[PDB]
């Protein structure tokens, strides 16, 4: 078959399908090619299902630890199979929503796998058998990333990635998780609350090493109190699957040690998908770290080809993919757009309980980049709402530049703190300083009150602390 489009999107993840919607809004003939996951990893086996499981795990946590505090009585069991069932129903509903949005915007769905023939032609191997040739004036690459394995290791029946694990309705008696990033910590939180013995191994000296160091130590303590064994500054050397048990050999300070569990989860990182679909035949250049290179407008070395989402490796998150897709579409249409700038200023959150939420530079990074840093730290022990909900742990930490009080970063750990970033990222984008932020009245009693107290600390002295 043969067809031609103004814009062709490769991949239907959060970046791709939002890129297609914006292009359609701008009056561009648009098609999107996807062979497997409509909504990509996020909606099928990522953000959507994992957060439903985290909610279920949270309820187990409340009951097993705080039943006395909340005056709860009764003998009950929590079935993980029902938790799994609900996560699949929630995922399937949002996948349907993606199809609704494609049709609403009159976007052509092409069900197959695309390979670049040249800089303007794409060959599609169709799922329902057959082949089709699609040409385009512009292309938006949104092919995602894949799990990076520990060097030397392989996958097997008892060594898995997030995909086989999140799709498992039955759990093992013990698991060893390689990687203390957000993914590894979230799985550890779910499995531990449902009775699994969990050990997490991280090569770097802190769990969640991308976060501010104060956040790392708070989350490590919470997870250890939850019963999770956390080994930081520890290197994984090998993984031996023996069917009846998996032996993991690790090293710390030159000493070797063998760990054993029924299963192992590989969660050390994700590599952009760049092989097997003709990036060479299109002339697309990769970076030194094997991600598709792009400029501020998500444009590759080829001017009419863009790369958005996890494949450019800038910040592998769903809301980042969506944003990059909007920039790309508005650039193609010559529309008014706004570049994202330094991707470190973008927000991010981890949805174990307590949540972790942050944007911008850590205190250490701000000082290491020559800023005259001012810091304000408010503990949730001085927050009325945090005591009301029964979780007074955590803090809000804001980093600012002393000259005008412009925000450099924010780092939160506490109950449902993920919802508190919008005020901070807005002020940072539009040059609102702490002296203006401190005048914004926050509703009482809310966790967000901790933000206001931090503003008072950046410009002067706190009031309720």
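Numbering follows the first chain given and starts at 1.
For the segment pair 223 to 231 and 296 to 304, the entry gives 296 to 304 the higher mean B-factor, averaged over Cα atoms. When the mean C-alpha temperature factors of 137 to 145 and 180 to 188 are read from the deposited coordinates, 137 to 145 comes out higher.
In this entry, the residue among 351, 116, 359, 162 with the greatest C-alpha B factor is 116.
Annotation for 86, 252, 104, 94: 252 ranks highest, by Cα B-factor.
Residue 64: CA B factor lies in the middle third for its chain, per the PDB record.
Residue 99: CA B factor lies in the middle third for its chain, per the PDB record. Per the deposited record, the Cα B-factor of residue 378 falls in the lowest third when ranked against the other modelled residues of its chain. When the modelled residues of the chain are ordered by their C-alpha B factor, residue 36 lands in the middle third.
Ranked within its chain, residue 344 lands in the middle third, by CA B factor from the PDB record.
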